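Peer 1: Attaching a single structure in structure tokens format; questions to follow.
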Amino acid sequence: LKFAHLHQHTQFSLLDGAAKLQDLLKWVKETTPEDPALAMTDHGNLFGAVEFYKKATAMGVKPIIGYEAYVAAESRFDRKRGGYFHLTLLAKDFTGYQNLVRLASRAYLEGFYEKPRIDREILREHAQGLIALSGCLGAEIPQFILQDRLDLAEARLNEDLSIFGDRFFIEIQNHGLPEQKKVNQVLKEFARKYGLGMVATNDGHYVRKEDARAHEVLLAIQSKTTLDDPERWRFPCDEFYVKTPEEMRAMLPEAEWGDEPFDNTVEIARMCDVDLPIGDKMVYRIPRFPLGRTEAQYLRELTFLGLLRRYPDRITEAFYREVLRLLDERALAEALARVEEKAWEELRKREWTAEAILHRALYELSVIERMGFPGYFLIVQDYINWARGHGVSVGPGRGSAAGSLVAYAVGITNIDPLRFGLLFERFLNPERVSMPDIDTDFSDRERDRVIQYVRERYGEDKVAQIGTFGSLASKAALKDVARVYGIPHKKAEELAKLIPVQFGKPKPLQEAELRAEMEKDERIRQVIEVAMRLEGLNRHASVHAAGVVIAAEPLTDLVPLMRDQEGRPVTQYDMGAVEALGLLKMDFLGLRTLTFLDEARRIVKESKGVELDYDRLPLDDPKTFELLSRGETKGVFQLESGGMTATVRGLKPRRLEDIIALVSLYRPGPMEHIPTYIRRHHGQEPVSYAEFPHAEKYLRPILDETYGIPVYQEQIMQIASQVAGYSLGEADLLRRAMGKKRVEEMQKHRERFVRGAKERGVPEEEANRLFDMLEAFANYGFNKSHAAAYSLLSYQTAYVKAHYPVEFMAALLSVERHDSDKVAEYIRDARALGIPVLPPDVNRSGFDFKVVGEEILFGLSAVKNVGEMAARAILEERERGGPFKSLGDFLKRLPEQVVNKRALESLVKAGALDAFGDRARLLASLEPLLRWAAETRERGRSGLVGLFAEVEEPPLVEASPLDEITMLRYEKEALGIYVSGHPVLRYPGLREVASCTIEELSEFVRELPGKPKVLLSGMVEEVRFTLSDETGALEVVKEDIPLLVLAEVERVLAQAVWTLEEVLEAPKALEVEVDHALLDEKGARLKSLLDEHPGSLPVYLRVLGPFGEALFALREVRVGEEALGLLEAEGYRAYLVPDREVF
Ligand SMILES: [Cl-]
Ligand SMILES: [Cl-]
Ligand SMILES: [Mg+2]
Ligand SMILES: [Mg+2]
Ligand SMILES: [Zn+2]
Ligand SMILES: [Zn+2]
């Protein structure tokens, strides 16, 4: 007696599936050793399919790809408020597989209501190659039976028989349930009346019977409730696990069911022959590129045309003519492309020169062509060159891509690969047929447009973004489970901090030595075991920020699809699964820096007429490196970390190569090589190769650029290629083998190395130890192509900041204009840098942030209630008529139709109309002048010339000037942020008591005790209230009311609060403010001054130190108030501040 589960749910039924793919497959294997089979039938998706197939296939289990469809009562287009039912589907052959793929796709793309649903219509369309089973209690037929509508159930049975023929089976499952008794009894009748054959399943959701509770809390994590609710999501019993053929019999007795339901199980599983194109199989699906041009000829064409643009001084028309005579501009390239490979190798046998460039380009093209990848390159070059001609910024390159001269020639890549030491062989290894990966950075604003270009260009049914599936982190798993079990957040957080973090992410609960915490409480015994039972599980299905597939044939033929919440078409398979089916996968990355460099160029142009051509800038500009050397890395790509900033100031880089090496080495591990780099860079330590005297002739040319240190992987490859005589491609393989650290296969390369090492130069004593140096530095060796390409963006960023500091800042503002916190921050950066940031102004402002002379000026679009049509209207009216002469002139030129009263109000409050006088006066003047303006047109559209049609605008309706609080209040309402001032700076009473400023918090607190308490004072901005200084804001647990706050810091948690009037009531203390410049004979000058006026006010001292501002409260001395006047009667500044003690 055997049995094969055909209705089993995995971790891929994301809401209720608890069976991990691995331990499920071993449990099936350990139960049934003979011809084991398992069907993956997940709730309305095909996510697991590929990984399930490849895990089961390598375990000797026969996988069966299945689908528990949600089937709509009527049509999949229904958005009816019947519902939807279940249906078990299995693919018996590959056409079956494909049809599942289409159905699963269509369920999401056409039929998604609450769940992804399909039709009996579309089922009928895609029924070929499918076995169907009557389904669980939630399915149509059993459901009808429960409702006493036997007529509908038989009618539906007929409908399905008309669809699937003899591939329809009556599905019979039994848990203790009383509904199952009634359903199965009637199902049994149907099965015998139509001669249908019953198949036993039991709808698994966990692996073993013990997993029932683990699964029950899983549901409580989706249901987001306590273990005791009730009404919390629960299954009807604890039976939904992978049962032994014996346990199955206990539910389905022999003297009542017979052998048929069991025998049919094994028979179906046998007749389910589905194979995926993986590993042994796998075809490369390269999409076709339209072009009397070969795919290989045109890539050649574009390369020759490219070099001429790329190396103007050394690759010219004259040069090409010579090469052809050694056997229009475009006509020569077109000709050179045809030259065959038998012809080419008859010229070589007869510093980067013209001839050198040809050879490298010709070599790369040779390798590309032979491997069958010219089509791949064409596709990539096409969409990148589109994006350029279409106002979409493109990075100089990423990853190994920039190592190819071809890539660089045809504009895939934008850094000179042979100027820097970049290697083609690191990108494509000539000695291994493997598809290259070309990732590309775009402006993060425009990236989607590039994807859209591809979608249109290659076909809507052939292009989708790749899906991603977050794993459940060990820490997060513990917290989620602990919630459910009714455990207080805090003691749970202490349990989560026990788990080690070895590389960014926490360690599996499998390993995790303070486990004696389980021994104490039996509650936590479960929590910990349950959390490791739920560890491997999945969250939901996001889009990959970068993944894109261009398939050769319609996607739905091999890979199922989805559509995310923003309408993006998404793959149901992940990164790897897609790639393991041999599909062309690209990365289109959104990059901030690119988007920033665009606004910079735009603003620069408008500011001073300069056309910033980033790809034509000199790379040896002094003022750029001097700025990096000063450590002014504030907005500079790649090097903004606290530590990194310090390192750049230390290094004082002078050429781009310093940036490349600095970025490569600054990370845990190589970090240590930087001091050495610096002393050698400063010209205060010789660079010596004495340990390899015979290898020096090879080592110097490679490692000189980087002061003897092997920093780059490319540097190693070259060393091994020159010393050992290795092919540069083989040196690549070597670096892979250094990285794998294969037990003793490393000793094979050793002997091979020394062989070629002797044969070349080194006496082999050096060789063995030189290989020791390689294996040492190959652990932390960096990919130079990636480093170099990125470094260029850093430079470009810094260069702008060096030469155009104001526009730089205005671009930083522009780029993050929708973030009130960042905008506030950037303003305070600019203001404390010499650059004034001004409120908008109807006469000078452009639409966005603008630089006038040497100031940054807010745009009109920045004003809160003003539409976008209105902002442009104002500007366009100002361009056809002159600058606005007065408020009246403004109101008659722009009717209320366009700039409504609400809009006008904000515009005043912003300061956009400040050129017309007092604001309070302007606000009041509005409605009278609106009446006036409306009345002018009445006379105007009733004849009346110009004197008869205008009793020219009355004076400004008078009112008292606004106070600072109310004026600043209006600004914020109108601009989101305060410009020129902050409400808190009006009453410095709070400033003085505050133990800190918002900015200084992190810096001040870190070094103190464990989880300290602190007092902060600022403004309130929430109906989790937000507190704000003139220095920043904070989350802390109504508006325009100042508060002092006592709170705990780890995030900030409030414990006590006092109002402005409360603080100004608590007894006051004298605070003197002393500079660092104070004599010995003062600290007893000041000391005696206070000694002579006793009382009971504590004395505080603000000591503005060299780095930081200390707060020394005095000692014994207690002044008696009068001392303030007599103390300000000398070179000392003083204040009567509220006493810090009370709070
Ligand atoms: Cl060395
Ligand atoms: Cl060294
Ligand atoms: Mg049906
Ligand atoms: Mg990629
Ligand atoms: Zn389920
Ligand atoms: Zn099910």
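For the structure tokens, the naming scheme is as follows: chains receive sequential letters (A, B, ...) according to their order of presentation, residues are indexed from 1 within each chain, and ligands are indexed from 1 in presentation order.
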Which neighbours of segment 609-624 of chain A fall inside 8 Å, counting only C-alpha atoms, when residues of the same chain fewer than 2 positions from it are skipped, and could you give them as a VMD selection string?
Peer 2: chain A and resid 414 601 604 to 607 626 to 628 654 to 656 795 to 796 798 to 799 802 to 803
Peer 1: Using the selection just defined, write its residues with N, CA, C and O atoms as a JSON list (two decimals), in the first residue's frame.
Peer 2:
```json
[["chain", "number", "residue", "atom", "x", "y", "z"],
["A", 414, "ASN", "N", 30.54, 54.21, -20.86],
["A", 414, "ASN", "CA", 31.13, 55.53, -21.07],
["A", 414, "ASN", "C", 32.40, 55.90, -20.30],
["A", 414, "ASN", "O", 32.61, 57.06, -19.94],
["A", 601, "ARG", "N", 22.98, 70.49, -14.50],
["A", 601, "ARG", "CA", 23.24, 70.96, -15.86],
["A", 601, "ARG", "C", 22.20, 71.98, -16.31],
["A", 601, "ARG", "O", 22.55, 73.00, -16.92],
["A", 604, "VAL", "N", 22.68, 75.29, -14.14],
["A", 604, "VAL", "CA", 23.92, 75.93, -14.61],
["A", 604, "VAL", "C", 23.68, 76.68, -15.92],
["A", 604, "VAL", "O", 24.04, 77.86, -16.04],
["A", 605, "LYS", "N", 23.05, 76.01, -16.89],
["A", 605, "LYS", "CA", 22.75, 76.60, -18.19],
["A", 605, "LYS", "C", 21.97, 77.89, -18.00],
["A", 605, "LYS", "O", 22.39, 78.94, -18.49],
["A", 606, "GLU", "N", 20.86, 77.82, -17.28],
["A", 606, "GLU", "CA", 20.01, 78.99, -17.06],
["A", 606, "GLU", "C", 20.70, 80.08, -16.23],
["A", 606, "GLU", "O", 20.45, 81.27, -16.43],
["A", 607, "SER", "N", 21.59, 79.67, -15.33],
["A", 607, "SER", "CA", 22.25, 80.61, -14.43],
["A", 607, "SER", "C", 23.32, 81.43, -15.15],
["A", 607, "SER", "O", 23.31, 82.66, -15.08],
["A", 626, "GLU", "N", 41.15, 69.52, -4.91],
["A", 626, "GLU", "CA", 41.39, 70.38, -3.74],
["A", 626, "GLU", "C", 40.18, 70.40, -2.81],
["A", 626, "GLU", "O", 40.34, 70.47, -1.59],
["A", 627, "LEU", "N", 38.98, 70.33, -3.39],
["A", 627, "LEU", "CA", 37.73, 70.31, -2.62],
["A", 627, "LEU", "C", 37.54, 68.98, -1.90],
["A", 627, "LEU", "O", 37.13, 68.95, -0.75],
["A", 628, "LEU", "N", 37.84, 67.88, -2.60],
["A", 628, "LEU", "CA", 37.79, 66.56, -1.98],
["A", 628, "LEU", "C", 38.84, 66.47, -0.88],
["A", 628, "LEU", "O", 38.58, 65.93, 0.20],
["A", 654, "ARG", "N", 44.73, 63.42, -5.71],
["A", 654, "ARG", "CA", 45.18, 64.38, -6.73],
["A", 654, "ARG", "C", 44.78, 64.00, -8.15],
["A", 654, "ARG", "O", 44.77, 64.84, -9.05],
["A", 655, "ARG", "N", 44.46, 62.72, -8.36],
["A", 655, "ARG", "CA", 44.01, 62.24, -9.66],
["A", 655, "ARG", "C", 42.83, 61.30, -9.46],
["A", 655, "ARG", "O", 42.57, 60.85, -8.34],
["A", 656, "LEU", "N", 42.11, 61.01, -10.54],
["A", 656, "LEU", "CA", 40.90, 60.19, -10.44],
["A", 656, "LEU", "C", 41.20, 58.81, -9.85],
["A", 656, "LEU", "O", 40.41, 58.28, -9.08],
["A", 795, "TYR", "N", 33.48, 62.19, -9.18],
["A", 795, "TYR", "CA", 34.22, 63.33, -9.74],
["A", 795, "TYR", "C", 33.26, 64.38, -10.26],
["A", 795, "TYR", "O", 33.30, 65.54, -9.83],
["A", 796, "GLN", "N", 32.39, 63.97, -11.17],
["A", 796, "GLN", "CA", 31.43, 64.86, -11.80],
["A", 796, "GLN", "C", 30.66, 65.63, -10.75],
["A", 796, "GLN", "O", 30.60, 66.86, -10.81],
["A", 798, "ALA", "N", 31.49, 66.19, -7.46],
["A", 798, "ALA", "CA", 32.47, 67.10, -6.85],
["A", 798, "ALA", "C", 32.86, 68.29, -7.74],
["A", 798, "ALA", "O", 32.95, 69.42, -7.26],
["A", 799, "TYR", "N", 33.11, 68.02, -9.03],
["A", 799, "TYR", "CA", 33.47, 69.06, -10.00],
["A", 799, "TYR", "C", 32.41, 70.17, -10.06],
["A", 799, "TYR", "O", 32.75, 71.35, -10.03],
["A", 802, "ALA", "N", 32.59, 72.14, -6.93],
["A", 802, "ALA", "CA", 33.82, 72.94, -6.88],
["A", 802, "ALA", "C", 33.63, 74.24, -7.65],
["A", 802, "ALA", "O", 33.95, 75.31, -7.14],
["A", 803, "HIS", "N", 33.08, 74.12, -8.85],
["A", 803, "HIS", "CA", 32.98, 75.24, -9.78],
["A", 803, "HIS", "C", 31.64, 75.99, -9.77],
["A", 803, "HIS", "O", 31.59, 77.18, -10.08]]
```
Peer 1: Can you tell me, as a PDB file with N, CA, C and O atoms, in the first residue's frame, what residues are no more than 8 Å from residue 542 of chain A when counting only C-alpha atoms, ignoring any on the same chain fewer than 3 positions away?
Peer 2:
```pdb
ATOM      1  N   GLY A 467      10.077  39.487 -10.687  1.00  0.00           N
ATOM      2  CA  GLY A 467       9.510  39.534  -9.338  1.00  0.00           C
ATOM      3  C   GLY A 467      10.507  39.165  -8.259  1.00  0.00           C
ATOM      4  O   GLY A 467      11.514  38.524  -8.535  1.00  0.00           O
ATOM      5  N   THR A 468      10.223  39.577  -7.025  1.00  0.00           N
ATOM      6  CA  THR A 468      11.093  39.310  -5.877  1.00  0.00           C
ATOM      7  C   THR A 468      10.254  38.798  -4.717  1.00  0.00           C
ATOM      8  O   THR A 468       9.108  39.212  -4.549  1.00  0.00           O
ATOM      9  N   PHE A 469      10.829  37.902  -3.915  1.00  0.00           N
ATOM     10  CA  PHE A 469      10.111  37.304  -2.790  1.00  0.00           C
ATOM     11  C   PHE A 469      10.935  37.339  -1.505  1.00  0.00           C
ATOM     12  O   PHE A 469      11.811  36.502  -1.289  1.00  0.00           O
ATOM     13  N   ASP A 564       1.673  44.279 -10.964  1.00  0.00           N
ATOM     14  CA  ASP A 564       1.736  44.880  -9.635  1.00  0.00           C
ATOM     15  C   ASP A 564       0.708  45.997  -9.462  1.00  0.00           C
ATOM     16  O   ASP A 564      -0.131  46.217 -10.336  1.00  0.00           O
TER      17      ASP A 564
END
```
Peer 1: Give me, as an NGL selection string, all polymer residues having an atom no more than 9 Å from residue 789 of chain A, counting only C-alpha atoms and skipping those fewer than 2 positions away in the same chain.
Peer 2: :A and (395-399 or 402 or 413-415 or 660 or 784-787 or 791-793)
Peer 1: For the residues in the current selection, export N, CA, C and O atoms as a PDB file, in the first residue's frame.
Peer 2:
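Printed below is again_36.pdb as written:
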```
ATOM      1  N   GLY A 395      24.438  56.140 -16.816  1.00  0.00           N
ATOM      2  CA  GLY A 395      25.719  55.965 -16.117  1.00  0.00           C
ATOM      3  C   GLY A 395      26.847  55.530 -17.045  1.00  0.00           C
ATOM      4  O   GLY A 395      26.592  54.947 -18.101  1.00  0.00           O
ATOM      5  N   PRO A 396      28.106  55.821 -16.671  1.00  0.00           N
ATOM      6  CA  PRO A 396      29.275  55.414 -17.472  1.00  0.00           C
ATOM      7  C   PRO A 396      29.425  53.895 -17.578  1.00  0.00           C
ATOM      8  O   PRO A 396      30.069  53.401 -18.504  1.00  0.00           O
ATOM      9  N   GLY A 397      28.826  53.176 -16.632  1.00  0.00           N
ATOM     10  CA  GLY A 397      28.714  51.718 -16.673  1.00  0.00           C
ATOM     11  C   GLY A 397      28.603  51.159 -15.269  1.00  0.00           C
ATOM     12  O   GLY A 397      28.825  51.876 -14.294  1.00  0.00           O
ATOM     13  N   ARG A 398      28.226  49.888 -15.151  1.00  0.00           N
ATOM     14  CA  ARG A 398      28.393  49.181 -13.877  1.00  0.00           C
ATOM     15  C   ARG A 398      28.814  47.731 -14.049  1.00  0.00           C
ATOM     16  O   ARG A 398      28.554  47.111 -15.091  1.00  0.00           O
ATOM     17  N   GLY A 399      29.485  47.211 -13.022  1.00  0.00           N
ATOM     18  CA  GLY A 399      30.037  45.866 -13.054  1.00  0.00           C
ATOM     19  C   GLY A 399      31.117  45.727 -14.106  1.00  0.00           C
ATOM     20  O   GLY A 399      31.680  46.728 -14.574  1.00  0.00           O
ATOM     21  N   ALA A 402      32.235  47.695 -18.273  1.00  0.00           N
ATOM     22  CA  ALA A 402      33.135  48.758 -18.735  1.00  0.00           C
ATOM     23  C   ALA A 402      34.519  48.260 -19.164  1.00  0.00           C
ATOM     24  O   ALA A 402      35.347  49.035 -19.637  1.00  0.00           O
ATOM     25  N   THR A 413      28.812  51.675 -22.729  1.00  0.00           N
ATOM     26  CA  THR A 413      29.644  52.069 -21.621  1.00  0.00           C
ATOM     27  C   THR A 413      30.288  53.429 -21.905  1.00  0.00           C
ATOM     28  O   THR A 413      30.537  53.775 -23.067  1.00  0.00           O
ATOM     29  N   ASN A 414      30.544  54.211 -20.855  1.00  0.00           N
ATOM     30  CA  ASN A 414      31.128  55.532 -21.070  1.00  0.00           C
ATOM     31  C   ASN A 414      32.402  55.899 -20.299  1.00  0.00           C
ATOM     32  O   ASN A 414      32.611  57.058 -19.943  1.00  0.00           O
ATOM     33  N   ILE A 415      33.261  54.918 -20.061  1.00  0.00           N
ATOM     34  CA  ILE A 415      34.569  55.190 -19.490  1.00  0.00           C
ATOM     35  C   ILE A 415      35.627  54.498 -20.350  1.00  0.00           C
ATOM     36  O   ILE A 415      35.449  53.338 -20.744  1.00  0.00           O
ATOM     37  N   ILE A 660      39.238  56.041  -7.284  1.00  0.00           N
ATOM     38  CA  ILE A 660      38.984  54.647  -7.636  1.00  0.00           C
ATOM     39  C   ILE A 660      39.486  53.695  -6.535  1.00  0.00           C
ATOM     40  O   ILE A 660      38.739  52.834  -6.063  1.00  0.00           O
ATOM     41  N   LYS A 784      37.689  46.573 -10.769  1.00  0.00           N
ATOM     42  CA  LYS A 784      38.101  47.937 -11.114  1.00  0.00           C
ATOM     43  C   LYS A 784      37.154  48.616 -12.099  1.00  0.00           C
ATOM     44  O   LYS A 784      36.894  49.808 -11.977  1.00  0.00           O
ATOM     45  N   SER A 785      36.646  47.872 -13.074  1.00  0.00           N
ATOM     46  CA  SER A 785      35.737  48.466 -14.041  1.00  0.00           C
ATOM     47  C   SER A 785      34.575  49.113 -13.300  1.00  0.00           C
ATOM     48  O   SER A 785      34.243  50.280 -13.539  1.00  0.00           O
ATOM     49  N   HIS A 786      33.982  48.373 -12.369  1.00  0.00           N
ATOM     50  CA  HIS A 786      32.880  48.933 -11.613  1.00  0.00           C
ATOM     51  C   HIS A 786      33.321  50.147 -10.801  1.00  0.00           C
ATOM     52  O   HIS A 786      32.644  51.178 -10.808  1.00  0.00           O
ATOM     53  N   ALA A 787      34.462  50.030 -10.128  1.00  0.00           N
ATOM     54  CA  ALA A 787      34.988  51.121  -9.323  1.00  0.00           C
ATOM     55  C   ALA A 787      35.253  52.363 -10.169  1.00  0.00           C
ATOM     56  O   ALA A 787      34.809  53.451  -9.820  1.00  0.00           O
ATOM     57  N   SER A 791      33.434  55.943  -9.893  1.00  0.00           N
ATOM     58  CA  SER A 791      34.304  57.039  -9.476  1.00  0.00           C
ATOM     59  C   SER A 791      34.070  58.305 -10.290  1.00  0.00           C
ATOM     60  O   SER A 791      34.091  59.421  -9.753  1.00  0.00           O
ATOM     61  N   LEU A 792      33.844  58.113 -11.588  1.00  0.00           N
ATOM     62  CA  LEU A 792      33.600  59.202 -12.531  1.00  0.00           C
ATOM     63  C   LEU A 792      32.372  60.033 -12.112  1.00  0.00           C
ATOM     64  O   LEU A 792      32.368  61.259 -12.228  1.00  0.00           O
ATOM     65  N   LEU A 793      31.332  59.369 -11.619  1.00  0.00           N
ATOM     66  CA  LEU A 793      30.162  60.098 -11.138  1.00  0.00           C
ATOM     67  C   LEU A 793      30.504  60.916  -9.894  1.00  0.00           C
ATOM     68  O   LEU A 793      30.055  62.056  -9.761  1.00  0.00           O
TER      69      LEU A 793
END
```
Peer 1: Restrict the calculation to only C-alpha atoms and all ligand atoms, then for each residue of chain A with any atom at most 8 Å from an atom of ligand 2 give the closest atom pair and their distance in Å to one decimal, rows by chain and rising residue number, as a tab-separated table.
Peer 2:
```
residue	atom	partner	partner_atom_place_in_ligand_line	distance
A:673	CA	ligand 2	1 (Cl)	8.0
A:708	CA	ligand 2	1 (Cl)	6.0
A:709	CA	ligand 2	1 (Cl)	5.0
A:710	CA	ligand 2	1 (Cl)	7.4
```
Peer 1: Output C-alpha atoms of each residue in that selection to a file, as a PDB file, in the first residue's frame.
Peer 2:
```
ATOM      1  CA  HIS A 673      45.597  48.875   3.514  1.00  0.00           C
ATOM      2  CA  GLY A 708      52.379  48.504  -4.799  1.00  0.00           C
ATOM      3  CA  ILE A 709      49.056  47.366  -3.321  1.00  0.00           C
ATOM      4  CA  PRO A 710      46.993  44.746  -5.222  1.00  0.00           C
TER       5      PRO A 710
END
```
Peer 1: Name each residue within 7 Å of ligand 6, counting only C-alpha atoms and all ligand atoms, as a PyMOL selection string.
Peer 2: chain A and resi 7-9+43+68+136+203
Peer 1: Any chance you could list, as a PyMOL selection string, the residues in segment 852-1046 of chain A that come up strand (DSSP E or B) when DSSP is run on the backbone?
Peer 2: chain A and resi 852+855-857+941+943+1013-1020+1025-1029+1032-1036+1042-1046
Peer 1: Counting only C-alpha atoms and all ligand atoms, which residues of chain A fall within 7 Å of ligand 3, and what is the closest atom pair for each with its distance in Å at one decimal, ordered by chain and rising number, as CSV?
Peer 2:
```
residue,atom,partner,partner_atom_place_in_ligand_line,distance
A:87,CA,ligand 3,1 (Mg),6.7
A:120,CA,ligand 3,1 (Mg),5.9
A:140,CA,ligand 3,1 (Mg),6.6
A:156,CA,ligand 3,1 (Mg),6.9
A:160,CA,ligand 3,1 (Mg),5.3
```
Peer 1: Print the selection's residues with N, CA and C atoms to a file, as a short mmCIF file (atom, residue, chain, number, x, y, z; two decimals), in the first residue's frame.
Peer 2:
```cif
data_model
loop_
_atom_site.label_atom_id
_atom_site.label_comp_id
_atom_site.auth_asym_id
_atom_site.auth_seq_id
_atom_site.Cartn_x
_atom_site.Cartn_y
_atom_site.Cartn_z
N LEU A 87 -10.36 24.92 -7.50
CA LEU A 87 -10.23 23.81 -8.43
C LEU A 87 -8.78 23.31 -8.49
N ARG A 120 -14.37 29.43 -16.33
CA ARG A 120 -14.66 28.17 -16.99
C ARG A 120 -14.54 28.36 -18.49
N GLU A 140 -16.52 24.07 -6.43
CA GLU A 140 -17.91 24.26 -6.90
C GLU A 140 -18.85 23.09 -6.57
N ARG A 156 -23.02 21.16 -13.14
CA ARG A 156 -21.64 21.64 -13.16
C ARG A 156 -20.66 20.50 -13.45
N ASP A 160 -17.91 20.48 -16.60
CA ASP A 160 -16.50 20.13 -16.48
C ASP A 160 -16.11 18.90 -17.28
#
```
Peer 1: Mind running chain A against ligand 4 at 6 Å and telling me each contacting residue's nearest atom pair with the distance in Å (one decimal), counting only C-alpha atoms and all ligand atoms, chain and number ascending, as a Markdown table?
Peer 2:
```
| residue | atom | partner | partner_atom_place_in_ligand_line | distance |
| --- | --- | --- | --- | --- |
| A:437 | CA | ligand 4 | 1 (Mg) | 5.0 |
| A:438 | CA | ligand 4 | 1 (Mg) | 5.4 |
| A:439 | CA | ligand 4 | 1 (Mg) | 4.6 |
| A:585 | CA | ligand 4 | 1 (Mg) | 5.7 |
| A:586 | CA | ligand 4 | 1 (Mg) | 4.0 |
| A:587 | CA | ligand 4 | 1 (Mg) | 4.0 |
```
Peer 1: Counting only C-alpha atoms and all ligand atoms, what residues are within 9 Å of ligand 1, given as an MDAnalysis selection string?
Peer 2: chainID A and resid 687:692 699 703 707:710 770 773
Peer 1: Could you save the residues just selected, with C-alpha atoms, as a short mmCIF file (atom, residue, chain, number, x, y, z; two decimals), in the first residue's frame?
Peer 2:
```
data_model
loop_
_atom_site.label_atom_id
_atom_site.label_comp_id
_atom_site.auth_asym_id
_atom_site.auth_seq_id
_atom_site.Cartn_x
_atom_site.Cartn_y
_atom_site.Cartn_z
CA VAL A 687 57.20 51.49 -2.85
CA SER A 688 59.50 48.44 -2.91
CA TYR A 689 59.27 45.02 -4.56
CA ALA A 690 62.42 43.56 -2.98
CA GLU A 691 60.59 40.37 -1.93
CA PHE A 692 60.21 39.48 -5.62
CA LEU A 699 54.86 43.87 -10.78
CA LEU A 703 51.00 47.99 -9.07
CA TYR A 707 51.49 52.21 -4.73
CA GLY A 708 52.38 48.50 -4.80
CA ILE A 709 49.06 47.37 -3.32
CA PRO A 710 46.99 44.75 -5.22
CA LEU A 770 54.22 35.33 -4.96
CA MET A 773 50.66 37.13 -2.12
#
```
Peer 1: Can you work out which one of A:201, A:960, A:143, A:900 has the shortest atom-to-atom distance to residue 920 of chain A, counting only C-alpha atoms?
Peer 2: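 For residue 920 of chain A, the nearest of the candidates is A:960.
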